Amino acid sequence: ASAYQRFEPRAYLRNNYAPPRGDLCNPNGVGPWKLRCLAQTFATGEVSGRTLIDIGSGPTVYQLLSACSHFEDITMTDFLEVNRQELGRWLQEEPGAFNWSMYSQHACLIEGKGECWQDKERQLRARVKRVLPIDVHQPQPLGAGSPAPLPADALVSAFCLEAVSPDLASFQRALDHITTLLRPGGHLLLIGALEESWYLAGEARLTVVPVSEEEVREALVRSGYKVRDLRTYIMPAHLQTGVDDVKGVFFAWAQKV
């Protein structure tokens, strides 16, 4: 935990969302794969509502691109002030924001509605109402009188839980905690590392609980979800970069029942 105090957002982005992992040109890369699960899922039309919460956003937005066209009130979160400040730099188009434009374009490409990436970024920036602090370790992760409309119609979290959880059970509880934020019938789209144990973010060196596809499945069931979709991307050699030791990436579409 205290490890996250040393977490450098620029180094995290550089490590994961700049080339080689950040190169979206090759359709066999992790980035293209991630956007596709997101897009495909929403394209079904079955994940819809008015409000949505992104759990542990860090300093990234890609995870909301296809999503933002289906929910008018979007709430983003993270445990670190630094990250929240970085999200705001891109939301307010302030100086030194991160360049998500490749990711916007590709989302537009994948969705195939002939939308221009500028329109896409405009819509995201418009629907994100607030950026709130959060701790998944708390049975009320948002706090008491959170400005966020609860319960949310749907939830999105990527590379969070397993990254803030020392072991399998703390993972399971964190999932339970957030699940409380989700209106019954609501949907959860969860993405994360498979069989990862550590990863760097500058001077920070975070520990991770190595999970598996089955382990992730079981957890979702245990938390009270019907698992609608669960897919795995195996990390190609050339995307093993020594910023971490992730072996694969998983995507789950889960429905609170």
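C-alpha atoms forming the largest set that superposes within 1.5 Å between two forms make up the rigid core. Start at 1 with the first residue shown and count on from there.
RMS Cα deviation from the shown model in 9 other deposited structures of this protein, rigid core fit, is larger for 87-95 than for the other stretch of the pair 87-95 / 102-110. Between 204-212 and 45-53, greater CA displacement relative to the shown form is found for 204-212 when the structures in 9 other deposited structures of this protein are fitted on the core. In this entry, 174-182 shows the higher mean Cα temperature factor of the pair 174-182 and 99-107.
Stretch comparison (58-66 versus 45-53) by mean CA B-factor in the PDB entry places 45-53 on top. The PDB entry assigns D119 a C-alpha temperature factor belonging to the middle third of its chain's modelled residues. Remark: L150 belongs to the highest third of its chain, ranked by C-alpha B-factor as recorded. When the modelled residues of the chain are ordered by C-alpha B-factor, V156 sits in the lowest third. Residue-level temperature factors show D229 in the middle third of its chain, judged at the C-alpha atom. Ranked within its chain, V257 lands in the highest third, by CA B factor from the PDB record.
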